[PDB]
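Here Cβ is always computed from backbone atoms with ideal geometry, including for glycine, and neighbour counts include all displayed protein chains. Just so it is clear, none of the values below were taken in a lab; they were calculated from the coordinates.
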Amino acid sequence: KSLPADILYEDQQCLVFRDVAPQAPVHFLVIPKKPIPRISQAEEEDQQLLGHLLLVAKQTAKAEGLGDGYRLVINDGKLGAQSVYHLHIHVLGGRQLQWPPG
Amino acid sequence: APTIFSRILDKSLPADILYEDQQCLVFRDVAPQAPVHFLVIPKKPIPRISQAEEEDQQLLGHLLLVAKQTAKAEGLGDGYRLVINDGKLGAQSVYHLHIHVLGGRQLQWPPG
Ligand SMILES: Nc1ncnc2c1ncn2[C@@H]1O[C@H](COP(=O)(O)O)[C@@H](O)[C@H]1O
Ligand SMILES: Nc1ncnc2c1ncn2[C@@H]1O[C@H](COP(=O)(O)O)[C@@H](O)[C@H]1O
C-alpha cells in the first residue's frame, strides 16, 4: 500500500530511510531500532544511542551531498507535528531552508 | 573561532539561563520564534553538526537529553520541536553548535 523505502544505511542501533513525503530535494529519516516513542520519553540510558543517531544523521548528510547545508528536525507530540510515535530524526537539504522552522 | 555565544558562555553578555552544567549551557533565544524558544549549546566549541566527530557521541546525546528535560521544565507537555541548522542552506548563522527548542504553539510542516 506504500512504496518501499530506500534504506540509505543500517547498523545494529538504527535505520536510515527516505521520507515518502519529502519536504526538500533530500529528505531522509534516522530511526533507532529501540522503539523510543518520542524524544520526551528518552531516558538517561539512551544517551549513547541518541548521540549515535545524530552522528549517523550528519554522516548520511555528507554521503547525500548536503555539504552546502541542511537541517535536522525532531518532532515531539501534537504541537510538534509528530505523526509516527517512534523517534525519527529528519534530515532535510538540497534547497534553502527558511526561518522560522515551521 | 569564537562567536557571540562565547560572550554568553563567559557571562559577559546577558542571557536568561535555564540550565547549566560542565558540558553545556541552555538559554532563551532573544529572537523567539515561538512562545518558548531556547538554545542548548555545548561548552566545547564545535562549530556545526557537520563537524562533530565520534568522540562527541556522548556529548551529542547529553545535549538531546538536556533539551528534552528543559522542555519538560518549561511546560512543553503537549509537544515541541528540536532543530539543528547546518551551513548556509540550513540557515545557520551562529557557528557554534546549538539545538533550538521551540514550543507553546502548533509547529507547522514543512519545518522551514
Ligand atoms: N510509508 C512511508 N515511507 C516513508 N516515510 C513515511 C511513510 N509514512 C510516513 N512517513 C514519514 O515518516 C515521518 C514521520 O516523522 P514525524 O512526522 O516527525 O513523526 C513523516 O515525515 C512521514 O512523511
Ligand atoms: N545574544 C543572544 N542571545 C540569545 N540568542 C541569540 C543571541 N544572538 C543570537 N541569538 C540567536 O541565535 C540563533 C542562531 O541560530 P542559527 O541561525 O540556527 O545559527 C538565532 O535564533 C538568534 O536569535
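Name the one entry in B:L59, B:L64, B:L25 that is within 12 Å of ligand 2 (Cβ to nearest atom) and hydrophobic (A, V, I, L, M, F, W, C).
Testing whether each residue is within 12 Å of ligand 2 (Cβ to nearest atom) and hydrophobic (A, V, I, L, M, F, W, C) leaves just B:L25.
This table checks each residue for (1) in a helix (DSSP H, G or I); (2) over 13 Å from the mean Cα position of the chain (by Cα); (3) more than 7 Å from chain B (Cβ to nearest Cβ).
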{"residue": "A:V16", "(1), (2), (3)": "no, no, yes"}
{"residue": "A:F28", "(1), (2), (3)": "no, no, yes"}
{"residue": "A:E45", "(1), (2), (3)": "yes, yes, yes"}
{"residue": "A:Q48", "(1), (2), (3)": "yes, yes, no"}
{"residue": "A:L66", "(1), (2), (3)": "no, yes, yes"}
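Please enumerate the residues belonging to region B:72-89 that are aliphatic (A, V, I, L, M) and within 7 Å of chain A (Cβ to nearest Cβ).
Selection gives B:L82, B:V83, B:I84, B:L89.
Quick one: A:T60 ticks every box in (1) part of a loop (DSSP other than H, G, I, E, B); (2) of a type in the set (S, T, Y); (3) surrounded by 14 or more Cβ atoms within 10 Å (Cβ to Cβ) except a single one, so which number is it?
(1)
Quick one: would you say A:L92 is within 16 Å of ligand 2 (Cβ to nearest atom), hydrophobic (A, V, I, L, M, F, W, C), within 9 Å of chain B (Cβ to nearest Cβ) and surrounded by 14 or more Cβ atoms within 10 Å (Cβ to Cβ)?
Judged against the criteria, A:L92 is a match.
Provide a single number: the residues in region A:71-102 that are within 15 Å of the chain's Cα centre (by Cα) and at positive phi.
The total comes to 1.
Please work out which residue is farthest from the other protein chains (Cβ to nearest Cβ), limiting yourself to region A:30-43 and to residues that are more than 16 Å from B:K68 (Cβ to Cβ) and of a type in the set (A, V, I, L, M).
A:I31
Out of A:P101, A:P37, I need the residue that is under 21 Å from B:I99 (Cα atoms), crowded, with 18+ Cβ neighbours inside 10 Å and within 16 Å of ligand 1 (Cβ to nearest atom). Which one?
It is A:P101.
Is it the case, given these coordinates, that B:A31 is surrounded by fewer than 12 Cβ atoms within 10 Å (Cβ to Cβ) and aliphatic (A, V, I, L, M)?
So B:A31 fits the description; yes.
Report yes if B:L76 is assigned to a loop (DSSP other than H, G, I, E, B) and in contact (Cβ under 8 Å) with a residue 40 or more places away in the chain, otherwise no.
yes
How many of the residues making up region A:79-96 are without any contact (Cβ under 8 Å) to a residue 60 or more places away in the chain and among the hydrophobic types (A, V, I, L, M, F, W, C)?
Count: 4.
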